[PDB]
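> Need a 3D model of the following:
(3 chains)
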Amino acid sequence: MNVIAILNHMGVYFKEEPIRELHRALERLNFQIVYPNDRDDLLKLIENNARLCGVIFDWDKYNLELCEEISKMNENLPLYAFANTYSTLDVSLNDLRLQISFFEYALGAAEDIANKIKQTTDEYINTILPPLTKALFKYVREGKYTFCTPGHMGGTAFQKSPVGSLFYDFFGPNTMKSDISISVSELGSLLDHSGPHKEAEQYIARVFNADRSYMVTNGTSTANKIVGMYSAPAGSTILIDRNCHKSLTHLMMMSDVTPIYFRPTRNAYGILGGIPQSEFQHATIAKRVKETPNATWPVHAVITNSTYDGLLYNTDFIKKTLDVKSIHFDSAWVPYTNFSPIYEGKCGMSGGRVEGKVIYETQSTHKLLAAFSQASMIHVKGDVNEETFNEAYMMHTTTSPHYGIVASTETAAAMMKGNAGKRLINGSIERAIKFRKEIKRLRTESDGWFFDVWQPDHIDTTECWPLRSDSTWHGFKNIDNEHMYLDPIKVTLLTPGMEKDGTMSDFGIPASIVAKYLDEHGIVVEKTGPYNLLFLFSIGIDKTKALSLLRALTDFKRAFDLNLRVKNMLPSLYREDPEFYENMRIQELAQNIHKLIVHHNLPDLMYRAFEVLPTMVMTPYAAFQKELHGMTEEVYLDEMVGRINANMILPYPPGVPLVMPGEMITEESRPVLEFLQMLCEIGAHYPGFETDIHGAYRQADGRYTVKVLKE
Amino acid sequence: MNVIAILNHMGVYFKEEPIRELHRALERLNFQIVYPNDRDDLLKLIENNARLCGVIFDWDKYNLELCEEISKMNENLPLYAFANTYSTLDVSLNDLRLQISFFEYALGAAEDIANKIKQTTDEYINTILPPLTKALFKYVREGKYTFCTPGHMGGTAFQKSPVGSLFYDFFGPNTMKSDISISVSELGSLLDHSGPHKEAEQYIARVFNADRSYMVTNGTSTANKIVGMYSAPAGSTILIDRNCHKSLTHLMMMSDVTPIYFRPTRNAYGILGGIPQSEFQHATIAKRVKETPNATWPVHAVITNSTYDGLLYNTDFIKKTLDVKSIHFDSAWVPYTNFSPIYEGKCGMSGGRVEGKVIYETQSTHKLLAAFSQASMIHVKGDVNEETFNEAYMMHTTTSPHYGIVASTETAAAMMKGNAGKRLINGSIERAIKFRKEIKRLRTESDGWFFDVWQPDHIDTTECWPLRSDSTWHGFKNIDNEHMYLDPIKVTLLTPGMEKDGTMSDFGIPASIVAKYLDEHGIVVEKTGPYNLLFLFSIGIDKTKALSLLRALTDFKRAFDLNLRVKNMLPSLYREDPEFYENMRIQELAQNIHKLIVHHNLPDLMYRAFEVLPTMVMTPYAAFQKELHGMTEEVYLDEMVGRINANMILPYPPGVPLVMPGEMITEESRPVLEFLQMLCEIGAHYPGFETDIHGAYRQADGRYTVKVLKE
Amino acid sequence: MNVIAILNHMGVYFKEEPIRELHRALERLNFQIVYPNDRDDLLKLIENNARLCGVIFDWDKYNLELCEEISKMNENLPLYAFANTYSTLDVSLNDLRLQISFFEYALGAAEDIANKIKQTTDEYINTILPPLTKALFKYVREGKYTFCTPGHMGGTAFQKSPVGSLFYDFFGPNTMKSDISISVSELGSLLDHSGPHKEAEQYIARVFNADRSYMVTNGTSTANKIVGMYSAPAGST
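Numbers count the residues shown, from 1 in each chain, chains lettered A, B, ... in the order given. Take a look:
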């Protein structure tokens, strides 16, 4: 961060020569001096370059033109105004947050002004840095502790080895030297919540609208288990979303609780909707407590907000309606919801404290914000026992946390702080809406088929678009109004092949082929279902990546319509089986896979498998205890009716869990078995399109086995 | 790694001019050329510099002088021999592992030889790099995936923010770009054990003498919980060392198991010995199963090897003796024991497979090897259910692991691979023994008091020195022979103040004062007990740090004997309380703290508190369930007799747990209470020397509270 | 104070090329490197040059020859010893008060060792400076107070006049910027005996074998009258 912008050409030597001397003096202090041509050039320099740390300008020529715009962009950016005899302060500048230094046009003053600009740049850096990251950077620059832990000791032990020296030269001195422990006492402790760490946590809470914040260094997987072992004692009952992550069923397998499942809705595409409002009502939960054995009233409720395809709930309704004293939102896919007013009422920390309830949010800061991997946050809005929650926190946090991960968590909090965070999140939202409108325009203007967006028919406003019952774009039957909202940055593209009423088309391109093409062109699709692709427009997706995605989609359309060979169009799919894809062309492959999907009637079977539940014979805890005792055996997948499942079965598509551990398939849930058998049959035909069921094992003869409990 | 050594001055132009041309051509390829004067200069260049990647020499002048020595140092180092007409290969070179290229003395051949040296250097780098780290480096240099997770996407989202740009500029491009996920499919998956990751695990096993190896990214805490949740089902019984890390008592709090405790021994210094051999016998364990309620035969045994002060067990005796089908060694402090023959029979992976038993080792690779923090290893020698162990592995591993931590774990395995690892560990051992002998020599040659080493009277051999009953240096009463061994690199220095029979001296310096002085001089002491300091001589401690430690100890001796003021000698202790330490001198402070220790009779109380156990009223699992139900209250520390403890109480000194959750102090274990009260009384006098009992809370009036379960 | 003395010629490249790289790095950090020929040359360099702030030498070749003599000359002088594998500390070094840092003979370590030498030179300067002079120098380098007596305000009013600019260019910037008052609160007050001033007086007492010491800025002429008016009331003899 050493770029100073100098904005003028005066025409008088007594102003211009001091600026040249200042330019030379700032270059001796290792500053890069840039020279914008006018006001708009400077505004684009600031908007495009985050390492600009100062603007030098003539005050009387530019104050009324510059100060309001610069305050709207960067309110901590140091301004170096060069003043005149009759310079004054306008009343328009009183409400502006501005960092202004005043200087004079004098010969020989360049070294003093350069030192003042260097000092002010250091002040700016220390202003925008959060406390723990500031302390860590200071220690790496300054501290000289020895005889510590880690045993590499700033990376010196790496340098005594050749391969260790390659490792050191790859990562650099600052990465090794930031690998420290609590031997460095001026950074405090993560487990003690002391020193800058304590400041860090308070800082994060003030950024994220939370009463309390905890930094987790093993991901939202670990954060969910911390919250769930605090909030669910043994023998209790939890209301849990069936659209749950692997970590929540790991929590149920680890802790002796009785699960009662929220039932999500879905459409013909396999996109999961939300939990119906009737499921949050007291009578439904009381009846479900009565019908399952060994259940008391639920003490803890876990809801995934948003859904994986980007559907936000009305969390105000859940807070006023759901009569559970502990409500936990798995908010790993929406860690940005504090930083836009379009998300108000739709996140878990929105609003204020709910009386008689504690609200938890767990967020993957590394997922859709800028943090190192395994960085996560627990946000608490409500009253917890601080010592019991600290004990639950320490039973899952290591005693030697990675300080880079902690520093990245808090640096993401500092990136989202205030107007800069609002600008970043709004830029993401506007890029996502621009991409959605570009897809619709290219759908109108192209000839033949094109991709669609899963969105309302009019997206002409910047908001979370509500899912209304009178519209049929979402495909959900009898949805509640003022219930679900579409997140603008979770763009779901739809490939041809299904009609709006859930009926298959004659022409169709399965989305796996489009995903394969995009992976040939270096584009990773987050989620692929049979006719849809998910694209997350986070703060890492700039305009060039959106343009690249749009260009690759048009390239897929032209290459499909030209009917290229699979060998030249999908070379890695060709390398999957060269003697299979030697003479096949892309339209033949698309027609064949689409008619396999239509023949086996995949969307109806996928609907009916997930609209019924297997019977919970025992809890996941008891099933995992039986598995720990070795009482498991593999049976063939056709033979799993009436058998208690030991592992969780999660098919692809739709990617959400289908059978819990301890659950059994009966005649009332035979569509579960039929959908599994259909996936195993439909994946056998074409190489590169194999069956993907986590929890089922392909055998040598092509049959599939599940693992059940011995009887 | 671009340093080529050129070793000669010939005296003939037809040899010397091609070498000058080669020097110029290698400098155009960004190689640093060094010029050793003779053979020993080159040997010291290789021993001191790990980035040397090639030696250019005349073959006939230097083969018999160089090849054996270079093969004993670096078996992969590329040798560039320039050959003559009658050059030949001696029979001495047949058994040597050498990487030799042969070249000719010709004009104008410099570019071709420089390209061959560049190619051979790249081959050397790819030879010594392990597979996953190689794949990660290749992806960072080459890959161009977009629309991925993490959301910073190689650090681009960092660069859009000013504070994020400061973060990016601190860590660098390679650290951000190594933060990837399973979207990058050519590195495989950690949870699937696929791709290079699988190769990684196999690689690690071959380095660490294990049948199976698992990389853990949340530390040995998480590794212990993985192993203990696999090996201890609910309602089972575990034999567990009372000298346990708090991750193991977190495991007992999280799992419904019944603990039976191994009882360690200790001496007057508070150093813990090992578990006696009689404790591993079948009759003792059968009687202990009978005397505690709800216990079957133990299914799992956890033993901390080595102890925290560095005492290794005879693990062969434990493997042949302890009749438990699952034995787990908490080996976080000895991850280097495969790489020296002095550790054979003393680590958990030593020897071969034990029939009917599975041996686990959990190692903190970041602690005493060169890895990033939270890197840990599970080593399995025996038969496990791979699917059940994989399930228990995924219940504690995040779905988005940090790839830098995984790469550092395997890079530490590659650093320890073969003769390079043997040389690093032997260098550590020899530096530690050199330091021990230096302390003894300076003790002999100084006038007045000096520091001692806790070691045998003769350390004249490089081995793990056995603790024998006829010697009295260790202070353990009635120790078993061929049972315990002193680790040479865990140096325990002893300050004056206690006699060898456990009786206090008249003159005494408490080790807290010496630790404070060393922390003033930038030296961190790993463990401090009342008259002893622990220093770990790992691979990160080189000769300059050992010299600095020795010089700081002699400086403490002279500054103590000169009787300097606390204000000038311990400035941070002065800043703890300036009006208290204004006129106090260091000998007065040492005399006062030593006579407080002698008055309260701290070593005898600390012995008697830990030679008795509180009665286990309930398991730690049940105590934590009671705490999760809110059934806890704070009572004063004098009132905790007959009350069931909710938290673990861990005092300092000795730093090992004193009271478990669920345990109760009775009249038979009143010395536990007396030692706690003595610590709370003795810490009230001098600022900077306060009471440190984790699990007890200092109140406003100076009294201490514990948290017990309500009755 | 930026003169580092390097004392050797070893004849082995692995010890000598790191020293050349260190010499280049220290010259990048604005240090003047001098090269004494032997031990006596180094002793005369130390005795004749007060701006020498560090000695770089090989430990095994020179510890017994250098440490006692350098301790008898300058007890705070930073010594930069480069250790070998079998380097050790002699018992004759125990009573010596020495500032020794230990370094290794490695290629590419020059920038880090140069940064350590720069930090150690800063520590040495902070050690030998007294507290109020340290605070005054820190304020002149760092402080940015405004609207404060004296009216020239660090020499600001001087540069607005031609003869004032002659005065400023004669005495220099640090002479003006040190002309401050009690509006700078982190320097303390002379009349209140507060802050570094109090430390200063205590410091002077320790140096001058006095129970109490006072600083007079108007000479012994004024000091005599302070003492006499305290000690002689009216009508006394």
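
> Which positions within stretch A:291-304 qualify as buried?
Within stretch A:291-304, the residues that count as buried by 16 or more other Cβ atoms under 10 Å in any protein chain shown are A:292, A:295, A:298-304. Every residue, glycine included, has its C-beta placed from N, CA and C.

> can you put those residues in CSV and add secondary structure and distance to residue B:396?
As requested, the buried residues of stretch A:291-304 are exported to CSV (DSSP: H, G, I helix; E, B strand; the rest coil; distance: Cβ to Cβ, whole Å):
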residue, secondary structure, distance to residue B:396
A:292, coil, 28
A:295, coil, 28
A:298, coil, 26
A:299, coil, 24
A:300, strand, 21
A:301, strand, 24
A:302, strand, 19
A:303, strand, 24
A:304, strand, 21
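
> closest to chain B among these?
residue A:299 (10.3 Å; Cβ to the nearest Cβ).

> how close does that closest one sit to residue A:357?
According to Cβ to Cβ, to the nearest Å, residue A:299 and residue A:357 sit 11 Å apart.

> what do you get for residue A:287?
22 Å.

> what's the answer for residue A:616, then?
For residue A:616 relative to residue A:357 (Cβ to Cβ), the value is 27 Å.

> quick one: the helices in the stretch 101-250 of chain A?
A:110-128, A:131-142, A:162-171, A:173-177, A:196-208, A:219-231, A:246-254 (DSSP state H, counting those that start in this stretch).

> Just the angle for the fifth one relative to helix A:131-142, thanks.
In this case it means helix A:196-208. 140 degrees (axes from the mean of the first three to the mean of the last three Cα atoms, to 10 degrees).

> near chain B, anything from helix A:196-208?
No. Helix A:196-208 lies apart from chain B when judged by Cβ under 8 Å from any Cβ of the partner chain; the minimum separation is 12.1 Å.

> Return the list of helices and strands in contact with that helix.
Helix A:196-208 sits against helix A:131-142, strand A:212-216, strand A:376-381, helix A:403-415, with contacts defined as 3 or more Cβ pairs under 8 Å, 6 or more residues apart in numbering or on different chains; DSSP states H and E.

> Quick one: closest of the ones you listed to chain C.
Once the helices and strands packed on helix A:196-208 are compared by Cβ to the nearest Cβ, helix A:131-142 is nearest, at 7.8 Å.

> Distance from the closest one to the middle of the chain?
28 Å (Cα atoms, centre = their mean, to the nearest Å).

> Please save the CA atoms from it in CSV.
Listed next in CSV are the C-alpha coordinates belonging to helix A:131-142 (Å, rounded to 0.1, in the frame of the first residue of the first chain):
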residue,chain,number,x,y,z
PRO,A,131,-6.3,-5.4,16.7
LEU,A,132,-5.1,-9.0,16.6
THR,A,133,-3.9,-8.8,13.0
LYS,A,134,-2.1,-5.6,13.9
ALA,A,135,-0.5,-7.3,16.9
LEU,A,136,0.5,-10.4,14.8
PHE,A,137,2.0,-8.2,12.1
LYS,A,138,3.9,-6.2,14.7
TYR,A,139,5.3,-9.3,16.3
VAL,A,140,6.4,-10.7,13.0
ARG,A,141,8.2,-7.5,12.2
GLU,A,142,9.6,-7.0,15.7
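
> so which residue of the stretch 451-600 of chain A comes closest to chain C?
For the stretch 451-600 of chain A, Cβ to the nearest Cβ, closest residue to chain C: residue A:540, 33.4 Å.

> Run a quick neighbour tally on whichever residue of the stretch 401-550 of chain A sits closest to chain B.
At 3.6 Å from chain B, residue A:540 is the closest residue in the stretch 401-550 of chain A, using Cβ to the nearest Cβ. By other Cβ atoms under 10 Å in any protein chain shown, the residues close to residue A:540 number 26.

> And it, how close does it get to residue B:104?
Distance from residue A:540 to residue B:104, by Cβ to Cβ: 54 Å.

> And for residue A:464?
Taking Cβ to Cβ, one finds residue A:464 at 74 Å from residue B:104.

> got it, and residue A:379?
70 Å.

> rewinding a little: ok, now which ones touch the residue of the stretch 451-600 of chain A closest to chain C?
By Cβ atoms under 8 Å, 6 or more residues apart in numbering or on different chains, residue A:540 lies in contact with A:370, B:150-153, B:156-157.
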